[PDB]
Amino acid sequence: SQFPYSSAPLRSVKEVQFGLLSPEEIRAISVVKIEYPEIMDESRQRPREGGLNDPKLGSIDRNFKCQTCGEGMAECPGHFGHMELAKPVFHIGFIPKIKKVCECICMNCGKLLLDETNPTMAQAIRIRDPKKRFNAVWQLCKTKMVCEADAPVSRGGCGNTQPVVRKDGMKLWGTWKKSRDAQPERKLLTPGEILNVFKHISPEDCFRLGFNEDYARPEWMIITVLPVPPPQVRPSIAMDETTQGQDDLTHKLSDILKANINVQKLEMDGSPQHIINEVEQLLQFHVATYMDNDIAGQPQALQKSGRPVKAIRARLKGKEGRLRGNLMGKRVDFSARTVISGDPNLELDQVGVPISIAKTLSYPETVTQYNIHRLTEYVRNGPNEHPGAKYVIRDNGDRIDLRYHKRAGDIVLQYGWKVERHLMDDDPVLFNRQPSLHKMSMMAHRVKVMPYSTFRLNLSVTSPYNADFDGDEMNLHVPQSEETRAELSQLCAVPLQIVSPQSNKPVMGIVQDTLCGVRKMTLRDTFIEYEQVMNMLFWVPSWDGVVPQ
Amino acid sequence: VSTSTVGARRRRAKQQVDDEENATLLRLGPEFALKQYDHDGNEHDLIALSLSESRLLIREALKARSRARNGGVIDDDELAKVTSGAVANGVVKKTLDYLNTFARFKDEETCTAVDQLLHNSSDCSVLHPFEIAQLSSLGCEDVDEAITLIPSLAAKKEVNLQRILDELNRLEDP
Amino acid sequence: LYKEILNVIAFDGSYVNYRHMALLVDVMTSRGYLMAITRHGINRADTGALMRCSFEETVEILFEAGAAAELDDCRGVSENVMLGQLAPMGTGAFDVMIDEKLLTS
Amino acid sequence: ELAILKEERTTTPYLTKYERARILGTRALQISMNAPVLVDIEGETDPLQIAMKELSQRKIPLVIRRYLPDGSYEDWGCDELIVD
Amino acid sequence: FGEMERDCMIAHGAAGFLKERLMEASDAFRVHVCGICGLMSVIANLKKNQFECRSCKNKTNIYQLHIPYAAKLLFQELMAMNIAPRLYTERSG
Amino acid sequence: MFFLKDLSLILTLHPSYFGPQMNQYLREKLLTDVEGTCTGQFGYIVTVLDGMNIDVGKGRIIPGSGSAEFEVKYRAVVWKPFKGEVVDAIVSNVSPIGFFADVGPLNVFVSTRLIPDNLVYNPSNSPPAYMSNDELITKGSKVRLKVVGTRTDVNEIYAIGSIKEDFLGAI
Amino acid sequence: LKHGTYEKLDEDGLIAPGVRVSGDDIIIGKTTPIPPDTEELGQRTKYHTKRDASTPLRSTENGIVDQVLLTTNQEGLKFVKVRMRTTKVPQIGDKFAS
Amino acid sequence: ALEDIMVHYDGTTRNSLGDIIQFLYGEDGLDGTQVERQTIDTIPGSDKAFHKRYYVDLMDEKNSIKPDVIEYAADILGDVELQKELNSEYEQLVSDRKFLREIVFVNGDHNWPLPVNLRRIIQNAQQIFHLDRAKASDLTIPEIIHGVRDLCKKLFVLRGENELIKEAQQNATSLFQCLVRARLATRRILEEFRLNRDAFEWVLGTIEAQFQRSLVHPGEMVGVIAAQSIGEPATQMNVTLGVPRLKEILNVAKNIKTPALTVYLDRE
RNA sequence: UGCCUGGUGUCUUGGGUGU
Ligand SMILES: [Mg+2]
Ligand SMILES: [Zn+2]
Ligand SMILES: [Zn+2]
Ligand SMILES: [Zn+2]
């Protein structure tokens with residue numbers, strides 16, 4: 001309900017289909033063509049149209065709306081642009097696979113070196129998994145070193161000898177045994193040659209090789225048009241009050257576009273092959289390092305400060321990468337952290353919460369006819385008096401802040417509204433200590449608001465948490481819904497976790513001076529007078545009011 | 001908003017020329033293809049409706065709903081007023097006016113005979129349902145006129161077009 | 001394998017319930033061969049690409065999935081976690097419908 | 001097709017703890033959204049407590065759909081599942 | 001709310017709490033996907049109430065999803081590297 | 001052209017309506033939300049057959065929002081014009097740029113460039129009309145026109161007709 | 001401008017010693033020039049030419065301004081240092097050790 | 001490795017692909033928290049002690065049930081059908097002893113974690129119904145035999161009438177049925193525990209209900225629980241042992257640090 | 001009648017705290 005209304009139906013993802021992007025699709029989904037290396041028009045606001053900061057790509061400024069969708073910064077997802085490459089270049093992530101495919105097929109007729117006549121080849125084709133199918137087909141066709149123009153009847157081959165391909169950085173060398181020993185020639189396999197060879201692969205051969213005709217076509221592994229991500233992917237940062245800093249991806253895209261312009265200019269004017277080779281190799285290097293800057297066997301691309309460029313591949317790997325650092329585990333709202341202390345006078349499933357933390361955190365309670373009076377009282381009390389409230393949320397989703405409202409007493413609550421009231425007693429909250437070695441390290445307690453600034457625990461629960469009070473800190477997470485509150489109170493509650501499934505024995509017991517005192521108190525020669533017995537009996541909450549003889 | 005029983009239709013690479021709507025070429029698109037599926041997934045044919053059949057069905061359904069809403073206890077204006085929604089009321093009023101002012105067959109038995117003639121005929125066993133609906137709707141009088149109005153019937157020269165037209169004119173109430 | 005694992009665990013007098021080690025050694029030997037608990041053992045399964053890439057070798061797995069046009073059916077728990085959906089686990093292992101028959105009372 | 005007939009239902013006849021928790025949460029949310037209550041409320045005001053009271057009396061108007069691994073499912077009414 | 005806490009929440013079996021922690025109490029986002037191409041290329045204009053996928057040239061078969069903003073960023077970064085992750089709301093077998 | 005189609009609708013119900021009369025209420029909600037609407041994919045939905053005996057099935061509770069989602073399948077009468085189709089019409093307005101006709105719920109605009117030249121627009125005539133020696137087409141006059149193009153809008157359809165070929169014009 | 005209060009600043013944009021400060025209060029007032037907009041159309045000199053770059057006190061801290069130092073850096077520009085003082089009394093949760 | 005493993009509604013343990021890891025969780029379908037160390041009484045002891053404890057003879061007077069513990073001791077001696085029933089019970093007990101002693105537990109260990117604590121149930125029944133005093137029981141032997149026999153068929157782990165389902169259900173409760181028959185023998189019930197009728201139906205109902213309560217719940221994410229339960233001890237801990245040996249095991253190293261054999265020689 | 005403000009870099013590195 002926090003999102004503006006959209007008439008499109010709301011559904012959930014059921015399948016993720018992977019594949020490569022065809023140049024046709026890249027051109028189709030694009031909204032603008034990027035050609036001018038200058039980021040800024042004239043350093044007078046209004047970034048140059050057709051440049052790397054075109055307003056059609058999306059908006060990252062509060063007062064500027066996207067020129068493509070018309071939505072604000074909070075709603076615009078960003079729109080892609082495309083950059084046409086003067087000469088096709090290798091995709092750095094697919095070079096070994098490109099080499100394998102070149103080994104599997106003939107470089108002239110564009111057909112497989114083996115056919116279903118071979119029983120082993122038919123057996124390999126019979127398998128289902130594309131990766132294992134390709135592995136088997138490569139293991140077979142690797143040995144076959146000559147194309148056959150005749151059946152081993154014409155099989156469709158051209159009879160040419162198949163070259164042997166070797167990898168060297170981003171370049172592939174193909175060595176032909178041209179016609180005992182003679183002079184063989186090894187010549188460079190340019191990306192364009194491989195591309196126009198791959199375009200002639202039949203769909204049946206493509207399927208036999210493990211590629212998919214609809215989604216992953218082999219010639220799409222060579223980049224001919226580059227997609228330019230929106231500024232949302234590469235946001236700029238204001239280093240100081242005046243000068244903002246371009247992102248690493250923006251600088252790399254500027255370098256790539258400059259190289260493209262250089263190649264285009266050189267091609268039309270005059271063509272010394274040495275210069276063409278140098279400039280095209282520079283373009284290949286820039287495109288490769290834009291997506292992977294840890295290519296072993298060659299120096300990395302460096303910034304002007306000397307630090308290596310943060311390629312897109314580096315964004316996704318490691319503890320701090322996308323998957324581990326932002327998707328599997330992320331920072332969350334509605335949480336608190338402070339030092340823990342012990343309280344002998346707390347029930348097992350109770351946690352003592354400071355007043356300031358109780359005021360800061362909140363729980364949105366729906367206004368009904370069972371609690372409208374109490375919620376109106378909370379709204380009147382305001383965000384500084386306990387019990388109180390912080391916000392009132394209407395049905396449409398608008399939030400009314402009670403700090404900046406001059407007419408808080410002039411607010412009437414309608415059924416279905418939400419009041420973000422303060423944290424109160426007996427609210428279930430999840431409580432956690434790191435490292436979370438087992439599932440008893442996260443348990444749900446009941447809130448009890450107390451003075452002073454430390455979380456307070458019954459000392460029996462210090463065993464499952466592996467916690468003591470010499471400076472440890474623990475995390476508290478507040479559920480924000482009725483469903484989540486029910487889950488916490490019915491599944492993770494402390495009483496339900498007393499017996500562990502690891503060794504079918506309790507994880508909580510009497511500990512420390514309570515254990516010492518129950519040993520001392522139950523000795524055979526410990527006798528208690530009447531007046532002390534009365535006090536000791538009154539202390540038991542469950543005592544039934546009958547004193548034993 | 002409303003979704004057809006036909007789903008999927010994911011991305012491919014081939015592009016076909018039988019995708020654009022065209023009445024003359026009898027290319028009605030995927031959602032109006034000759035083969036359809038019901039709620040049980042069984043085979044189903046495209047169901048066209050002539051103005052006579054459409055008028056009969058709409059009148060029957062509207063009067064059934066009007067009778068049901070009154071506890072099971074004829075005027076087109078009242079029948080339109082039965083429905084809910086001002087825009088819906090206007091739309092049904094316009095459709096009823098069109099059907100009434102161009103109703104070739106206002107009788108159930110005349111429409112039944114016309115449908116029997118246009119379906120059970122040996123020549124009409126190949127006729128597309130859209131062609132049948134157009135023939136029963138436009139009320140053409142001549143073979144040349146029908147062919148000009150309906151280009152599809154030009155390629156179907158195995159049809160007793162003139163005598164069928166005369167039969168329709170006879171069945172048409174003067 | 002179970003005997004060796006139990007020998008390692010119980011040397012210092014610790015006790016772990018049988019069913020946990022049984023599950024572990026049934027996972028390690030379910031394919032007909034010993035499946036090591038490493039990337040070379042786990043990532044060489046037929047599980048979804050999104051689930052496999054979340055453990056190790058993320059970018060290489062994603063390229064291999066793209067080139068091979070892998071299809072992920074989003075049945076795992078990691079896939080549903082990273083897409084912000086109700087995982088098919090625990091309280092999400094079923095569906096709740098509305099009983100129009102009972103509401104007639 | 002995918003639905004399993006009531007006579008051939010082979011899953012457990014008891015309400016598992018996950019099903020109990022989810023049912024209580026959903027019913028509490030629905031009550032908090034002004035759904036009709038099918039039991040008499042003495043002095044209770046907490047939606048979760050009203051949901052628990054409804055569950056104890058077998059008055060929750062919800063159906064559990066248990067998904068088998070092959071895709072077929074069994075529909076169990078919360079009034080016919082045994083609760084501890 | 002790191003990975004070990006996520007594993008503890010899985011062990012407890014509380015799927016709703018995990019979904020709420022990772023979506024509502026964090027980066028929740030709404031996107032539109034084409035029902036044909038499966039890409040997040042729909043140019044949606046909510047105020048004018050018109051949705052349109054230029055590549056597939058459709059205006060109807062369009063759905064909206066609630067996904068973490070980090071997931072949207074990951075898919076866009078994948079598209080920046082010529083990898084196309086297509087999200088579909090129905091299974092095919 | 002009119003057709004019979006099997007359509008489906010997704011209906012979301014708020015928990016406040018979880019009563020014994022849930023099914024009938026869903027039925028009237030479907031009728032109010034489908035009758036008379038205009039979808040570009042299908043055209044115009046005019047009526048729903050068997051409107052009081054539509055199966056609604058079992059609604060699924062949306063996790064986290066409480067509301068139930070119902071899948072309603074029904075059979076309805078749908079009208080949709082097609083490119084290159086000749087249909088009857090009634091002229092609704094006469095203007096120098098052309099005349100507007102009505103084909104059921106659809107309003108069709110025919111420009112002068114698609115009208116035969118002999119049908120010169122006469123503004124002095126009462127009412128003004130596009131008339132020839134033997135033809136006079138004014139407001140309320142039956143016309144037979146061929147639909148050439150259809151324009152798709154959010155919830156509206158715009159069609160363009162022509163009378164420049166044979167067996168067209170006034171009828 | 002910052003959401004704090006600027007009423008504790010002196011004429012020179014520096015707070016004076018002996019003044020009690022709370023969280024988010026502004027202890028150093030600094031502005032940076034900005035190219036003026038077309039507001040000179042009809043604004044009676046009340047058009048924004050400068051942008052705020054003030055230094056607020058830390059949100060969780062409060063105390064007494066103890067000593068304010070004003071001098072020039074190596075480059076000849078103004079340069080200030082403000083020292084804040086508070087007393088911390090032991091309470092539940094403070095760490096001690098033998 | 002173990003995250004996507006979950007107990008499904010048919011009892012099997014499957015991963016996300018649907019592949020079966022186990023056909024029944026823990027090979028008995030129970031929850032890890034609902035088991036306790038119990039002694040199976042038919043395993044230990046000499047043959048004479050076993051015979052003395054479990055055999056009942058209705059022909060010899062001094063080898064029969066004591067007359068002061070049962071009201072109907074007069075019309076018991078000399079009955080042949082009741083002796084047939086007792087002989088069937090004793091043969092079942094001997095078969096259980098052989099199965100446990102020769103197949104399952106060869107080394108004779110009889111203290112194993114099993115569901116529903118029987119000793120606690122019996123002493124609860126004794127406290128509830130005041131089973132003290134020298135009063136004679138009114139519990140006939142056929143009631144004991146038929147009640148225990150019927151109870152051993154209501155411990156449902158798997159529902160269904162399929163023959164393979166019935167075979168799996170019978171397999172899943174073999175050890176527990178052996179425990180129950182070891183405890184609820186005729187002689188032990190009439191003499192050692194001195195239960196009356198009402199205590200007997202109470203014990204049977206309680207056993208059935210507790211067993212139903214001790215099963216595993218579909219939707220358990222048992223893979224994560226197992227991974228945590230194995231990794232938790234490792235944080236608090238001539239042959240290789242400890243973390244290096246665990247690392248060798250998990251990696252499936254080809255060349256371990258200290259390879260060894262345990263060659264056993266022939267009896268002579 | 002003179003009428004009230006929410007908006008906060010990034011990247012490295014170091015030293016620490018609880019297990
Ligand atoms: Mg400590
Ligand atoms: Zn935009
Ligand atoms: Zn060749
Ligand atoms: Zn699309």
# chains A, B, ... in the order shown; residues from 1 in each chain; ligands from 1
>>> residues_near_ligand(ligand="ligand 2", cutoff="6 Å", atoms="only C-alpha atoms (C1' of nucleotides) and all ligand atoms", output="ChimeraX atom specification")
/A:58,66,68-69,71,76,78
>>> interface_residues(of="chain I", to="chain G", cutoff="10 Å", atoms="only C-alpha atoms (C1' of nucleotides)", output="JSON, numbers by chain")
{"I": [5, 6, 7]}
>>> closest_atom_pairs(of="chain C", to="chain E", cutoff="6 Å", atoms="only C-alpha atoms", output="CSV")
residue,atom,partner,partner_atom,distance
C:66,CA,E:83,CA,6.0
C:83,CA,E:67,CA,5.5
C:84,CA,E:67,CA,5.4
C:90,CA,E:13,CA,4.0
C:91,CA,E:15,CA,5.9
C:92,CA,E:15,CA,5.9
>>> residues_near_ligand(ligand="ligand 1", cutoff="6 Å", atoms="only C-alpha atoms (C1' of nucleotides) and all ligand atoms", output="list in words")
residues 468, 470, 471 and 472 of chain A; 18 of chain I
>>> write_last_selection(atoms="C-alpha atoms (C1' of nucleotides)", output="PDB file, in the first residue's frame")
ATOM      1  CA  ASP A 468      27.282 -12.881  29.552  1.00  0.00           C
ATOM      2  CA  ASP A 470      30.746  -8.245  30.537  1.00  0.00           C
ATOM      3  CA  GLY A 471      29.944  -6.004  27.556  1.00  0.00           C
ATOM      4  CA  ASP A 472      27.984  -8.163  25.104  1.00  0.00           C
TER       5      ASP A 472
ATOM      6  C1'   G I  18      31.970  -9.392  21.772  1.00  0.00           C
TER       7        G I  18
END
>>> closest_atom_pairs(of="chain D", to="chain H", cutoff="7 Å", atoms="only C-alpha atoms", output="JSON lines")
{"residue": "D:10", "atom": "CA", "partner": "H:159", "partner_atom": "CA", "distance": 5.3}
{"residue": "D:11", "atom": "CA", "partner": "H:9", "partner_atom": "CA", "distance": 6.2}
{"residue": "D:16", "atom": "CA", "partner": "H:217", "partner_atom": "CA", "distance": 5.9}
{"residue": "D:68", "atom": "CA", "partner": "H:9", "partner_atom": "CA", "distance": 6.3}
{"residue": "D:69", "atom": "CA", "partner": "H:18", "partner_atom": "CA", "distance": 6.6}
>>> select_by_dssp(residues="chain C", states="strand (DSSP E or B)", output="number ranges by chain")
C: 71-72, 94-98
>>> residues_around(residues="residue 76 in chain D", least_positions_apart="4", cutoff="12 Å", atoms="only C-alpha atoms (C1' of nucleotides)", output="list in words")
residues 94, 95, 96, 97, 98 and 99 of chain C; 3, 4, 5, 6, 7, 9, 10, 11, 12, 13, 14, 15, 19, 61, 62, 63, 64, 65, 66, 67, 80, 81 and 82 of chain D
>>> write_last_selection(atoms="C-alpha atoms", output="CSV table (one decimal), in the first residue's frame")
chain,number,residue,atom,x,y,z
C,94,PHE,CA,0.8,-24.6,1.8
C,95,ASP,CA,-2.0,-22.3,0.8
C,96,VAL,CA,-5.0,-20.8,2.7
C,97,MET,CA,-8.3,-20.6,0.8
C,98,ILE,CA,-11.6,-19.1,1.9
C,99,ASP,CA,-14.3,-21.6,2.9
D,3,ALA,CA,-7.2,-32.1,-6.7
D,4,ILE,CA,-7.3,-35.2,-4.5
D,5,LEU,CA,-10.7,-36.6,-3.6
D,6,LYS,CA,-11.8,-36.4,0.1
D,7,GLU,CA,-12.1,-40.2,0.3
D,9,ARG,CA,-6.8,-38.1,1.4
D,10,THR,CA,-3.6,-39.6,2.9
D,11,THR,CA,-2.0,-36.7,4.7
D,12,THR,CA,-2.0,-36.4,8.5
D,13,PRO,CA,-5.3,-35.5,10.1
D,14,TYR,CA,-3.7,-33.1,12.6
D,15,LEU,CA,-3.0,-29.4,12.3
D,19,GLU,CA,-0.4,-24.5,9.7
D,61,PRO,CA,-13.7,-20.3,7.9
D,62,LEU,CA,-10.4,-21.2,6.2
D,63,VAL,CA,-9.2,-24.1,4.1
D,64,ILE,CA,-5.7,-25.5,4.1
D,65,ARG,CA,-4.4,-26.7,0.8
D,66,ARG,CA,-1.5,-29.1,1.3
D,67,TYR,CA,0.8,-29.3,-1.8
D,80,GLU,CA,-12.0,-31.0,10.3
D,81,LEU,CA,-8.3,-30.9,11.3
D,82,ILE,CA,-7.6,-32.0,14.8
>>> closest_residue(among="A:141, A:518, A:194, A:340", to="chain G", atoms="only C-alpha atoms")
A:340
>>> decode(residues="range 48-66 of chain E", atoms="N, CA, C and O atoms", output="compact mmCIF listing (two decimals), in the first residue's frame")
# COMPACT_ATOMS: atom_id res chain seq x y z
N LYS E 48 -0.97 8.64 -16.41
CA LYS E 48 -1.72 8.54 -17.65
C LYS E 48 -2.38 7.18 -17.84
O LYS E 48 -3.21 7.04 -18.75
N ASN E 49 -2.03 6.20 -17.01
CA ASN E 49 -2.61 4.85 -17.08
C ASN E 49 -2.38 4.22 -18.45
O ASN E 49 -3.31 3.78 -19.12
N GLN E 50 -1.12 4.17 -18.87
CA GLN E 50 -0.76 3.47 -20.09
C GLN E 50 0.58 2.77 -19.91
O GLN E 50 1.55 3.38 -19.46
N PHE E 51 0.62 1.49 -20.26
CA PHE E 51 1.82 0.67 -20.19
C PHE E 51 2.13 0.16 -21.59
O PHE E 51 1.23 -0.09 -22.39
N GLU E 52 3.42 0.00 -21.89
CA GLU E 52 3.81 -0.30 -23.25
C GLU E 52 5.23 -0.85 -23.28
O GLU E 52 6.15 -0.23 -22.75
N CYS E 53 5.39 -2.01 -23.91
CA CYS E 53 6.70 -2.62 -24.13
C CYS E 53 7.03 -2.47 -25.61
O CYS E 53 6.39 -3.09 -26.46
N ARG E 54 8.03 -1.65 -25.91
CA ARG E 54 8.33 -1.31 -27.30
C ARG E 54 8.85 -2.52 -28.07
O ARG E 54 8.50 -2.71 -29.24
N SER E 55 9.68 -3.34 -27.43
CA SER E 55 10.29 -4.47 -28.13
C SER E 55 9.23 -5.45 -28.62
O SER E 55 9.29 -5.93 -29.76
N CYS E 56 8.25 -5.76 -27.78
CA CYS E 56 7.20 -6.71 -28.14
C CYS E 56 5.97 -6.04 -28.73
O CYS E 56 5.10 -6.74 -29.25
N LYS E 57 5.88 -4.71 -28.65
CA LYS E 57 4.77 -3.95 -29.22
C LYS E 57 3.42 -4.41 -28.66
O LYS E 57 2.47 -4.64 -29.40
N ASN E 58 3.35 -4.54 -27.34
CA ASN E 58 2.10 -4.91 -26.68
C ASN E 58 1.76 -3.90 -25.60
O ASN E 58 2.63 -3.21 -25.06
N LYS E 59 0.47 -3.81 -25.31
CA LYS E 59 -0.05 -2.88 -24.32
C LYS E 59 -0.87 -3.55 -23.24
O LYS E 59 -1.31 -2.87 -22.31
N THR E 60 -1.10 -4.86 -23.33
CA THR E 60 -2.03 -5.56 -22.45
C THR E 60 -1.36 -6.55 -21.53
O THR E 60 -1.54 -6.49 -20.31
N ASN E 61 -0.57 -7.48 -22.07
CA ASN E 61 0.02 -8.56 -21.29
C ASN E 61 1.18 -8.01 -20.47
O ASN E 61 2.36 -8.21 -20.78
N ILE E 62 0.84 -7.29 -19.41
CA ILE E 62 1.83 -6.63 -18.56
C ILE E 62 1.43 -6.84 -17.11
O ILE E 62 0.27 -6.63 -16.74
N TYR E 63 2.40 -7.24 -16.28
CA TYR E 63 2.19 -7.48 -14.86
C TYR E 63 3.15 -6.63 -14.05
O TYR E 63 4.15 -6.12 -14.56
N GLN E 64 2.84 -6.48 -12.77
CA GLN E 64 3.71 -5.78 -11.84
C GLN E 64 4.15 -6.73 -10.74
O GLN E 64 3.43 -7.65 -10.36
N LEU E 65 5.36 -6.50 -10.23
CA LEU E 65 5.96 -7.35 -9.23
C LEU E 65 6.44 -6.50 -8.06
O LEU E 65 6.68 -5.30 -8.21
N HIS E 66 6.58 -7.13 -6.90
CA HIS E 66 7.22 -6.52 -5.74
C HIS E 66 8.51 -7.28 -5.48
O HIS E 66 8.48 -8.42 -5.00
